[PDB]
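The structure under discussion appears below in the form of structure tokens.
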Amino acid sequence: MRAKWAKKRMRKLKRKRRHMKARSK
Amino acid sequence: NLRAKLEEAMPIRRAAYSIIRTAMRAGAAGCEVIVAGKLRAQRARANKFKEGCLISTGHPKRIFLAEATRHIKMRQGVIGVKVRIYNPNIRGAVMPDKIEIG
Amino acid sequence: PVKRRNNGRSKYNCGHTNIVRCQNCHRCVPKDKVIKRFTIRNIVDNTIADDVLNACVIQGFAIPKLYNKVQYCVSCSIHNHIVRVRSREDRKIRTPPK
Amino acid sequence: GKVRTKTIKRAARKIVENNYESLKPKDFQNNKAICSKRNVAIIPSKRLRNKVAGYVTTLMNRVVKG
RNA sequence: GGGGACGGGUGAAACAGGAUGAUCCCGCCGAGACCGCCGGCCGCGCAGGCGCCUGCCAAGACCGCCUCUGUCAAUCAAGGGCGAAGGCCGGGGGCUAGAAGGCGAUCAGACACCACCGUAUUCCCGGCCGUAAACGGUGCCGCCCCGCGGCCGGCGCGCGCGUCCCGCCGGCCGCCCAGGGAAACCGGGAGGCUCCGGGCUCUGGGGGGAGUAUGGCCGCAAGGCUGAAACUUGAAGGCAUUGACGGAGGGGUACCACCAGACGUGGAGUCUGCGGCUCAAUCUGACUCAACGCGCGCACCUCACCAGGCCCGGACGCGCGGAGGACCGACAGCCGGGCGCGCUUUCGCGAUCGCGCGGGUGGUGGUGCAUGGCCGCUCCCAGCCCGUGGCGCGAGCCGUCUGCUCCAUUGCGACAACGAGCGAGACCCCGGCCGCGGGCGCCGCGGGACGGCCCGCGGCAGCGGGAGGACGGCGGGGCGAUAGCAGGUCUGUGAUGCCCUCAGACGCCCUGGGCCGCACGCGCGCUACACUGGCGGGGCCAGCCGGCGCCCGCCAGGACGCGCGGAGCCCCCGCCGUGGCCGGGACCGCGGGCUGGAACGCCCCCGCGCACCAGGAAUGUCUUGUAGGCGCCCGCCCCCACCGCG
């Protein structure tokens, strides 16, 4: 399911990005 | 005749129908021209051109169908022209299948 | 393209049907899409029926029938030849054939 | 056993369309003699001519009942 | 409680379970889920959704109506509520499955699928979340719109009258004439639309980047809702149509399939080819069917390979050289297997030419994946097309058919097809039989057989049976479609493109050797394992098509002649007598011959008498003059067949 697997990959990048913004506040 | 026009750089299908028409004028039921070789390309393809019915099986092939292979040596390698004419009617034997029915 | 008007299911005037499982595969399959061939057979094979019938000391007891509704998932049905892939022309036929 | 081919079959009808009285219902030699009258029906080879006659005999047999 | 060895699990298994007695059977008991079969072209709900039994509560659509009101309506940002599953929070609960986790088997590796154990979850109550292929991928209200059905809930009509019949209204649906559409299709619309305008909202504007960035709002979180750009790119996509594939469903068919049988191979010795091994070289192709007694006999040649050694036989054309001297020859001795090859020598020899440059001719050298040609194979099959019409906007399909018949796309039958063709068949070759004409010799032409006839069963094509007849239902072969395929061959050719090696040669000759070398594994064979046989004599006998005499020799053969001739199996009689024996002839020690220039090749003769007492998993070929058994001829060849073709 490459579209469902792309969304999960997008989500595991956005959560990482949201964590990185939180380190600098 | 085909070997000459092919060495004269004529488009092959043009010449093949010219040979076919020279046997079509002569009253042959059909003529089959097969040109095989490196026709302009490294890969070899056999260009079969045919017009009218030709027969290929049994003893009436030895009698009614004439065949002619010429190894025309074109520049790229060597092509082979095979002209076959099928004359349904000759003075002696007749087709062993054709039933006239009056 | 849409292969079938039915959509492979018999759902009409409904949004959900009760799930059943393939007897062979165990895949959950909505009741409408299941193959559902009912079978009424005999407790023993015909080849053994004669010998069992002679063996019974009871006066008039027939080999009692076994009734089961086999419900199969689409894949289980095509693999086990319960249903066949038909041409677009014969796909419409609905009457049980053979 | 031996299954008649379209030449051995279409010609047989063409013979029963043109000729009716000359061939007879169970007469292979007569049906072979009518079919052998030179130009009226020309079949090269006895083997083809015999096979035609046998189918004509069968067709002639069929028409006489109905 | 009983009774006794395994049970689970699977594609096969394996990790778990079992004398602490499992599984299995029964008697019970606890807990938690779940509502079977009935159960649907059933129904209800605003959707998500909805199925134990009883009782209760509030509703809801439909229908019927001479009831009330009198437009109170339609869709809708903003705003409210609801919303599968999974998830989250605070409690309860905890059977079953079971994300994670662990595990046994896999496989190159799987950590995956499959087996097993299992936490969250599943389930309840109180909140969150706000998402789904949340679908009819089809917003809502309204109108006319063509028949034929089914179901469903009301209502009414007919009739004696039954869950009957015909309607009406509302819902769910099937098929569909028009109509529409790029088709698929939709026709209770996707119709009434380029002839384009009943009303209202929502959304899209080539493919990506990207549902990302950022801001906002919301959520406990997960995330939802809103939502770009820079940048990149010639297509992405829809639906159809031919093919090509499928580890898809059907039908069909064939002793290169099976059945029923046969005779085998694989087990032994050898023969030959193949790999490997070994070499100076073991020249090479070919590796499933469709490589492997295959490229029709390797002492020499062949011969391509190795160890050596000659030789120009380098043509034509130009610049120079040379005729009293271009070019090569040679006795004798040495050297060298040998050669005037070189060497010593000093004689010949006569422009057939040398040298420089060009420019050849030849090469079983390479590349068959550059090719012609020719074979193999799909194909010990049955497909391949066309003209005119029909249906499509077309690519096109129909014809050429999910039925029957056949050996067969061979025909019938049905049928927008109707006729033709090619392939199949017919034809050709041989055979059996009859006649004619001829006859150094059986060898020229004609008939005859057609599923004809008969009986069944069939519209039918034909499907069994019966005779009559040399002959019976495709006799034994040749020929072979449309397409093919990186099948095989450049090493068959004065077939060939390209690299062309080209003179201390990959040319071309001569000698010597290899191609046959052998720890080994395999393919086609042969001979065996005997008493249905071996061993002795006695008959007799062929066909493809065919010579002998005489003398000497055990033989094998030789000399000298002439013009001409023939198997085995089998049978008949003895013998051996179950013994690895007289079964079997492998190996090896003498010899005697043959063919050649030369054995290493073969034959013969006297020893010598190996394995093998019927062959494991498997694997082959086969339907009447058949398998098998038995010999004979030819192919290639100096000699020689365990081979091939007959």
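Here, A, B, ... name the chains of the structure tokens in the order displayed, residue numbers run from 1 inside each chain, and ligands are numbered from 1 in the same displayed order.
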Report as a list in words all protein, DNA and RNA residues lying within 12 Å of region 12-22 of chain A, evaluated on only C-alpha atoms (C1' of nucleotides), omitting residues in the same chain fewer than 2 positions from it. residues 5, 6, 7, 8, 9, 10, 24 and 25 of chain A; 212, 213, 221, 222 and 223 of chain E
Go ahead and write the selection's residues with N, CA, C and O atoms (P, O5', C5', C4', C3', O3' and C1' of nucleotides) as a PDB file, in the first residue's frame.
```
ATOM      1  N   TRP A   5       1.742   3.866   2.962  1.00  0.00           N
ATOM      2  CA  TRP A   5       3.115   3.758   3.497  1.00  0.00           C
ATOM      3  C   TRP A   5       3.850   5.077   3.327  1.00  0.00           C
ATOM      4  O   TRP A   5       4.791   5.321   4.091  1.00  0.00           O
ATOM      5  N   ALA A   6       3.465   5.870   2.344  1.00  0.00           N
ATOM      6  CA  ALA A   6       4.015   7.232   2.207  1.00  0.00           C
ATOM      7  C   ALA A   6       3.508   8.141   3.315  1.00  0.00           C
ATOM      8  O   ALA A   6       4.303   8.908   3.839  1.00  0.00           O
ATOM      9  N   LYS A   7       2.213   8.094   3.600  1.00  0.00           N
ATOM     10  CA  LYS A   7       1.631   8.899   4.705  1.00  0.00           C
ATOM     11  C   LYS A   7       2.327   8.563   6.030  1.00  0.00           C
ATOM     12  O   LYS A   7       2.730   9.492   6.717  1.00  0.00           O
ATOM     13  N   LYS A   8       2.480   7.289   6.363  1.00  0.00           N
ATOM     14  CA  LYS A   8       3.171   6.924   7.617  1.00  0.00           C
ATOM     15  C   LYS A   8       4.579   7.512   7.617  1.00  0.00           C
ATOM     16  O   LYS A   8       4.982   7.999   8.653  1.00  0.00           O
ATOM     17  N   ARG A   9       5.296   7.447   6.501  1.00  0.00           N
ATOM     18  CA  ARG A   9       6.672   7.997   6.401  1.00  0.00           C
ATOM     19  C   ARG A   9       6.636   9.514   6.564  1.00  0.00           C
ATOM     20  O   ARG A   9       7.521  10.066   7.232  1.00  0.00           O
ATOM     21  N   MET A  10       5.639  10.162   5.982  1.00  0.00           N
ATOM     22  CA  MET A  10       5.493  11.624   6.144  1.00  0.00           C
ATOM     23  C   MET A  10       5.265  11.924   7.622  1.00  0.00           C
ATOM     24  O   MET A  10       5.899  12.845   8.130  1.00  0.00           O
ATOM     25  N   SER A  24      14.316  24.002  20.300  1.00  0.00           N
ATOM     26  CA  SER A  24      14.670  25.444  20.212  1.00  0.00           C
ATOM     27  C   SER A  24      13.465  26.259  20.666  1.00  0.00           C
ATOM     28  O   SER A  24      13.536  27.496  20.533  1.00  0.00           O
ATOM     29  N   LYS A  25      12.394  25.582  21.081  1.00  0.00           N
ATOM     30  CA  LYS A  25      11.158  26.217  21.612  1.00  0.00           C
ATOM     31  C   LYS A  25      10.187  26.530  20.480  1.00  0.00           C
ATOM     32  O   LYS A  25      10.535  27.261  19.565  1.00  0.00           O
TER      33      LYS A  25
ATOM     34  P     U E 212       0.813  17.437   5.000  1.00  0.00           P
ATOM     35  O5'   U E 212       2.287  18.021   5.096  1.00  0.00           O
ATOM     36  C5'   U E 212       3.415  17.155   4.949  1.00  0.00           C
ATOM     37  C4'   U E 212       4.545  17.890   4.285  1.00  0.00           C
ATOM     38  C3'   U E 212       4.869  19.249   4.873  1.00  0.00           C
ATOM     39  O3'   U E 212       5.778  19.156   5.956  1.00  0.00           O
ATOM     40  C1'   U E 212       4.706  19.432   2.532  1.00  0.00           C
ATOM     41  P     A E 213       5.543  20.043   7.242  1.00  0.00           P
ATOM     42  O5'   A E 213       6.109  21.463   6.809  1.00  0.00           O
ATOM     43  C5'   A E 213       7.516  21.692   6.674  1.00  0.00           C
ATOM     44  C4'   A E 213       7.742  23.067   6.109  1.00  0.00           C
ATOM     45  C3'   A E 213       7.133  24.205   6.913  1.00  0.00           C
ATOM     46  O3'   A E 213       7.941  24.632   7.993  1.00  0.00           O
ATOM     47  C1'   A E 213       6.590  24.492   4.649  1.00  0.00           C
ATOM     48  P     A E 221      -1.874  17.978  23.344  1.00  0.00           P
ATOM     49  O5'   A E 221      -1.386  16.698  22.534  1.00  0.00           O
ATOM     50  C5'   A E 221      -0.029  16.233  22.627  1.00  0.00           C
ATOM     51  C4'   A E 221       0.001  14.729  22.529  1.00  0.00           C
ATOM     52  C3'   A E 221      -0.108  14.154  21.124  1.00  0.00           C
ATOM     53  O3'   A E 221       1.172  13.993  20.531  1.00  0.00           O
ATOM     54  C1'   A E 221      -1.652  13.066  22.545  1.00  0.00           C
ATOM     55  P     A E 222       1.448  14.535  19.061  1.00  0.00           P
ATOM     56  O5'   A E 222       0.900  13.369  18.134  1.00  0.00           O
ATOM     57  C5'   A E 222       1.537  12.085  18.122  1.00  0.00           C
ATOM     58  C4'   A E 222       0.530  11.033  17.750  1.00  0.00           C
ATOM     59  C3'   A E 222      -0.119  11.212  16.386  1.00  0.00           C
ATOM     60  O3'   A E 222       0.681  10.631  15.368  1.00  0.00           O
ATOM     61  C1'   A E 222      -1.793  10.811  17.995  1.00  0.00           C
ATOM     62  P     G E 223       1.091  11.481  14.087  1.00  0.00           P
ATOM     63  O5'   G E 223      -0.206  11.434  13.144  1.00  0.00           O
ATOM     64  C5'   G E 223      -0.750  12.679  12.647  1.00  0.00           C
ATOM     65  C4'   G E 223      -2.130  12.860  13.222  1.00  0.00           C
ATOM     66  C3'   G E 223      -3.024  13.902  12.547  1.00  0.00           C
ATOM     67  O3'   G E 223      -3.697  13.405  11.401  1.00  0.00           O
ATOM     68  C1'   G E 223      -3.078  14.207  14.883  1.00  0.00           C
TER      69        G E 223
END
```
Dump as a ChimeraX atom specification the residues of chain E that approach chain D to within 6 Å, counting only C-alpha atoms (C1' of nucleotides). /E:410,450,452,473
Would you pick out the contacts of residue 64 (chain D) at 7 Å or less, using only C-alpha atoms (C1' of nucleotides), so that residues sharing its chain but fewer than 3 positions from it are not included, and give the list as a list in words? residues 25, 60 and 61 of chain D
Selection from above, N, CA, C and O atoms, as a tab-separated table (two decimals), in the first residue's frame, can you write it?
```tsv
chain	number	residue	atom	x	y	z
D	25	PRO	N	-30.23	-44.12	-56.01
D	25	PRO	CA	-29.99	-44.15	-54.56
D	25	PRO	C	-28.94	-45.08	-53.94
D	25	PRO	O	-28.26	-44.60	-53.06
D	60	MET	N	-27.83	-38.85	-52.61
D	60	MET	CA	-28.96	-39.35	-53.44
D	60	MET	C	-29.84	-40.23	-52.55
D	60	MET	O	-31.07	-40.08	-52.62
D	61	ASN	N	-29.23	-41.04	-51.70
D	61	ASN	CA	-30.00	-41.89	-50.76
D	61	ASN	C	-30.82	-40.98	-49.84
D	61	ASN	O	-31.97	-41.33	-49.53
```
Check: which chain E residues lie within 9 Å of chain B using only C-alpha atoms (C1' of nucleotides), as a PyMOL selection string: chain E and resi 370-373+421-423+426-428+478-481+495-497
For chain B, work out the contacting residues on chain D at 6 Å, counting only C-alpha atoms, and write them as a list in words. residues 40, 41, 42, 43 and 44 of chain D
Go through chain C residue by residue and, counting only C-alpha atoms (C1' of nucleotides), keep those with an atom at most 6 Å from chain E; for each kept residue give the shortest atom pair and its distance in Å to one decimal, ordered by chain and increasing number, as a Markdown table.
```
| residue | atom | partner | partner_atom | distance |
| --- | --- | --- | --- | --- |
| C:1 | CA | E:184 | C1' | 5.9 |
| C:84 | CA | E:249 | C1' | 5.7 |
| C:85 | CA | E:249 | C1' | 5.4 |
```
Go through region 56-86 of chain C and collect every residue that DSSP, computed from the backbone, puts in strand (DSSP E); the answer should be as a list in words.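 Result set for region 56-86 of chain C (strand (DSSP E)): residues 65, 66, 67, 68, 69 and 70 of chain C.
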Next, write the just-selected residues to a file, as a compact mmCIF listing (two decimals), in the first residue's frame, keeping C-alpha atoms as the atom set.
```txt
# COMPACT_ATOMS: atom_id res chain seq x y z
CA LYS C 65 -28.35 -36.45 6.53
CA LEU C 66 -25.78 -33.76 7.46
CA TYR C 67 -26.82 -30.15 6.74
CA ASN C 68 -24.15 -27.38 6.63
CA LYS C 69 -24.08 -23.94 4.93
CA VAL C 70 -20.56 -23.56 3.55
```
When you look at region 592-598 of chain E with a cut-off of 8 Å (counting only C-alpha atoms (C1' of nucleotides)), what residues show up, excluding the ones that are within fewer than 3 positions of it in the same chain? I need them as a list in words. residues 556, 557, 602, 603, 604, 605, 638 and 639 of chain E
Can you write just those residues out, N, CA and C atoms (P, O5', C5', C4', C3', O3' and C1' of nucleotides), as a PDB file, in the first residue's frame?
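Ended up saving to result.pdb:
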```pdb
ATOM      1  P     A E 556      39.582 -69.070 -42.815  1.00  0.00           P
ATOM      2  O5'   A E 556      40.396 -67.709 -42.658  1.00  0.00           O
ATOM      3  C5'   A E 556      40.098 -66.774 -41.608  1.00  0.00           C
ATOM      4  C4'   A E 556      41.311 -65.929 -41.312  1.00  0.00           C
ATOM      5  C3'   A E 556      41.885 -65.159 -42.493  1.00  0.00           C
ATOM      6  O3'   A E 556      41.181 -63.948 -42.710  1.00  0.00           O
ATOM      7  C1'   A E 556      43.634 -66.273 -41.371  1.00  0.00           C
ATOM      8  P     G E 557      40.611 -63.555 -44.186  1.00  0.00           P
ATOM      9  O5'   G E 557      41.695 -64.116 -45.261  1.00  0.00           O
ATOM     10  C5'   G E 557      42.573 -63.184 -45.937  1.00  0.00           C
ATOM     11  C4'   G E 557      43.990 -63.698 -45.882  1.00  0.00           C
ATOM     12  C3'   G E 557      44.680 -63.931 -47.228  1.00  0.00           C
ATOM     13  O3'   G E 557      45.238 -62.730 -47.737  1.00  0.00           O
ATOM     14  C1'   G E 557      44.978 -65.826 -45.866  1.00  0.00           C
ATOM     15  P     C E 602      42.080 -53.276 -33.709  1.00  0.00           P
ATOM     16  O5'   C E 602      41.565 -54.444 -34.661  1.00  0.00           O
ATOM     17  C5'   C E 602      40.389 -54.263 -35.472  1.00  0.00           C
ATOM     18  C4'   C E 602      40.538 -54.989 -36.786  1.00  0.00           C
ATOM     19  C3'   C E 602      40.638 -56.497 -36.694  1.00  0.00           C
ATOM     20  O3'   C E 602      39.361 -57.104 -36.641  1.00  0.00           O
ATOM     21  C1'   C E 602      42.289 -55.690 -38.180  1.00  0.00           C
ATOM     22  P     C E 603      39.062 -58.217 -35.544  1.00  0.00           P
ATOM     23  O5'   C E 603      39.401 -59.573 -36.302  1.00  0.00           O
ATOM     24  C5'   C E 603      38.774 -59.885 -37.556  1.00  0.00           C
ATOM     25  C4'   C E 603      39.674 -60.775 -38.373  1.00  0.00           C
ATOM     26  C3'   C E 603      40.072 -62.078 -37.713  1.00  0.00           C
ATOM     27  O3'   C E 603      39.067 -63.071 -37.839  1.00  0.00           O
ATOM     28  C1'   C E 603      41.961 -61.097 -38.739  1.00  0.00           C
ATOM     29  P     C E 604      38.527 -63.814 -36.538  1.00  0.00           P
ATOM     30  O5'   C E 604      39.477 -65.086 -36.423  1.00  0.00           O
ATOM     31  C5'   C E 604      39.605 -66.019 -37.510  1.00  0.00           C
ATOM     32  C4'   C E 604      40.991 -66.615 -37.527  1.00  0.00           C
ATOM     33  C3'   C E 604      41.406 -67.355 -36.270  1.00  0.00           C
ATOM     34  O3'   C E 604      40.974 -68.708 -36.240  1.00  0.00           O
ATOM     35  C1'   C E 604      43.169 -65.946 -36.987  1.00  0.00           C
ATOM     36  P     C E 605      40.354 -69.301 -34.899  1.00  0.00           P
ATOM     37  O5'   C E 605      41.284 -70.552 -34.573  1.00  0.00           O
ATOM     38  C5'   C E 605      42.353 -70.947 -35.451  1.00  0.00           C
ATOM     39  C4'   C E 605      43.636 -71.130 -34.674  1.00  0.00           C
ATOM     40  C3'   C E 605      43.481 -71.367 -33.183  1.00  0.00           C
ATOM     41  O3'   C E 605      43.180 -72.718 -32.890  1.00  0.00           O
ATOM     42  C1'   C E 605      45.226 -69.815 -33.568  1.00  0.00           C
ATOM     43  P     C E 638      40.887 -44.878 -47.940  1.00  0.00           P
ATOM     44  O5'   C E 638      41.883 -46.122 -47.966  1.00  0.00           O
ATOM     45  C5'   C E 638      41.691 -47.206 -48.893  1.00  0.00           C
ATOM     46  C4'   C E 638      42.670 -48.320 -48.614  1.00  0.00           C
ATOM     47  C3'   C E 638      42.220 -49.355 -47.599  1.00  0.00           C
ATOM     48  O3'   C E 638      41.412 -50.403 -48.146  1.00  0.00           O
ATOM     49  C1'   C E 638      44.450 -48.710 -47.133  1.00  0.00           C
ATOM     50  P     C E 639      40.282 -51.160 -47.254  1.00  0.00           P
ATOM     51  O5'   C E 639      41.059 -51.638 -45.952  1.00  0.00           O
ATOM     52  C5'   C E 639      41.685 -52.930 -45.890  1.00  0.00           C
ATOM     53  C4'   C E 639      42.120 -53.201 -44.473  1.00  0.00           C
ATOM     54  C3'   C E 639      40.999 -53.182 -43.449  1.00  0.00           C
ATOM     55  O3'   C E 639      40.317 -54.426 -43.371  1.00  0.00           O
ATOM     56  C1'   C E 639      42.820 -51.896 -42.654  1.00  0.00           C
TER      57        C E 639
END
```
Can you pull out every residue within 12 Å of residue 97 (chain C), counting only C-alpha atoms (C1' of nucleotides), but drop anything in the same chain fewer than 3 positions away, and send it as a PyMOL selection string? chain C and resi 83-84+90+93-94
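When CA of residue 18 (chain B) is paired with CA of residue 30 (chain B), their separation reads 13.1 Å.
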